[PDB]
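I have a structure here, written as structure tokens, and I will follow up with some questions on it.
Letters A, B, C, D, E, F and G name the chains as they come in the text, with residue numbers starting at 1 for each one.
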């Protein structure tokens, strides 16, 4: 009859543990609620990949561009302020005949604001392409990159 | 005989509970039909 | 009773159905070996200092078959009149690899 | 009454071990998939590679964009992969030893899903 | 015979109740699982992070003596990326411009000399500076890791003495 | 102008108090600095993954019937 | 016969319950556990290099050797060793041949 006694004691242990857990939960449910509320970030860390957390909702162009020349920068145009330059060409504006003309910024901050703003304002002006070719501008663009 | 009937009744009830709780999360047709 | 055994078999069948439908990729990932993480210092574990004549050399480096001298702080090849005495006073006559140094 | 005990064990197994496991798995992975689909990007840059995800009855499955030679497309081409519709993809479920660091890339692809959750 | 069947039915009923408890998105079940995870993480990291944060607060309060512009965002180059960092006035701890609800906004560089990353970092300093993240206690309470024991990281000691 | 230049210090289960004090101010020796220990009491909640197995325990009473 | 089948079924039960209790069943759990495993590997690899102060023989020139006490910080995630000597930090890349040829005599002459 040893097996019957063992079964009785183990089932009693299970039931008693259930009752102890139930009463402890009943008395400490609020306490564990504030413990979890004040330690919510401790449940799962944001470094599940072994890397620092990255918010995909905030878009950054530098994450994918692996070529420096393809990036847009602000460079000092000699004697005419600052311009936005890249391997594609200068950021331009509409000319008198819907053409492309290099737009020039007074200060570095204005150029940075225009270049890196969330507003899509890309207007390529390649000075080395056949339709619009300028030897001095193309040389300057190739040298400054 | 009674064991079989009781087990089938409880199995059906538990399967119904699980299906009712997990249909919104396992019905992948909703995601496929949505673009 | 045979019906109870059939019920147990049906339950096992349902368990296998659920595991096959849902946890197939998990089981295959469990069966396969783990993912090896590269060790930058693993290839240096067989490196032991042993100097021929008076020039300090490094042996046991596989990817550099030729005898590679030992450089100093200012990147000068090490030539020492008492290299053998220094090595004997450091670890003894028997050569010591980097693995033995790390396990000290 | 060994057989009734076995019936009890297997019933408990299913409905208190496997079905709750399915529940947690599906809830977590469905939330991850919905968060992914909220990005409005067909391919995302994980571990210098382009990963897409799809939701099936077994859960969320990740795939990597590759070219005609089964070489993964770098992230620098992401803009021309999202606009594409017939991208060749390799599923992360099947291990491929020819691609260097494939297991790590698929690992980090699965890990970047669970940012919010 | 009847007692065995009654116990059988009772066990199946308790199994159904436990199944409902587990698969119904219960508040108690969720709180208990969350507590099981959170307690282990807290035991692992909280006190060590607090001690390290106090140490770096002392270090940065020593460092800020005699300097007036140390509490202004400067774009620090971390080798592979830029980070807009200043020194927090209240805690004298490193502070960085945050990216949404994630970590600091690390502006990746495509080469050693990347003017575009520098300029985008300056743009963040001018525009996106309203959201900030601090090493140590704040990072641990917001992201689940402190950053002092992960490398490479802009809060870690190895990345800052390299 | 007073400086302390220690070398390799290695202390175990002890206290190190480098004062380098060179003014009229007197360091508060054996002044026990007590803070508010905002201790968070852990509770004896067994991982609820035990809930199925415990049920199995109850189940084995059917072996004794 | 019946006893063998019942034991086999019970052992299958125990194995499946053990797997579903102590092994990952979704991508979140698998990612968390692999994070923990990789972190443990990195930590033990970093702990292989003795972080306590160690006495070495360091060649300040081609033919001059001096006893010195150094500190080593190993980061295997990026593969670099920072040696604090005379209060100055020297960073050695473990993927560079010259850095290896400079650092290895320092490590192998330690005592």
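Before moving on, here are some points about what is shown:
In this section, a contact is a pair of C-beta atoms (placed from the backbone, for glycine too) under 8 Å apart; a residue touches a chain by one contact, two chains touch by 3 or more.
To keep track of the chains, here are their UniProt names: A = Envelope protein OPG155; B = Entry-fusion complex protein OPG076; C = Entry-fusion complex protein OPG094; D = Virion membrane protein OPG147; E = Protein OPG107; G = Entry-fusion complex protein OPG086.
Distances from each chain's CA mean to the overall CA mean are smallest for chain E. Remark: among chain pairs E-G and D-G, D-G carries the greater number of C-beta contacts. The chain with its C-alpha centre at the largest distance from the centre of chain D is F. Centre-to-centre separation between chain A (Envelope protein OPG155) and chain E (Protein OPG107), using Cα means, comes to 16 Å. The distance from the centre of chain C to the centre of chain D, each centre being the mean of the chain's C-alpha atoms, comes to 31 Å. Spacing of chain A (Envelope protein OPG155) relative to chain F, judged by their CA centroids, is 37 angstrom.
Taking each chain's centre as the average of its CA atoms, chain D and chain F sit 40 Å apart. For chain E (Protein OPG107), residues that reach two or more other chains under the stated contact definition are 4, 8, 11-12, 15-16, 18-19, 22-23, 25, 32, 35, 39, 42, 102.
Across the assembly, chain B contributes residues 3, 7, 10, 14, 18, 21-22 that each touch 2 or more other chains. Residue positions of chain G touching 2 or more other chains: 9, 16-17, 21, 25-26, 28, 30-31, 34-35, 38.
By the definition given earlier, chain contacts exist for A-D, A-E, A-F, A-G, B-C, B-D, B-E, C-D, C-G, D-E, D-F, D-G, E-F, E-G, F-G.
Across the interface of their complex, chain F is touched by residues 1-2, 4-5, 8-9, 12-13, 16-17 of chain D. Listed in rising order, the residues of chain F touching chain E (Protein OPG107) in the complex are 40, 42-43, 45, 47-48, 51-52, 55, 58-59, 61-62, 65.
Residue ranges of chain D in contact with chain C, taken from their complex: 3-4, 6-7, 10-11, 13-14, 18-19, 21-22, 25, 57-59, 61, 93, 95, 103-104, 107.
Interface residues of chain E (Protein OPG107) facing chain B in the complex, by the touch rule stated above, are 5, 8-9, 12-13, 15-16, 19-20, 23-25. Against chain G, the residues of chain E (Protein OPG107) that register as touching in their complex are 151-152, 158, 161-162.
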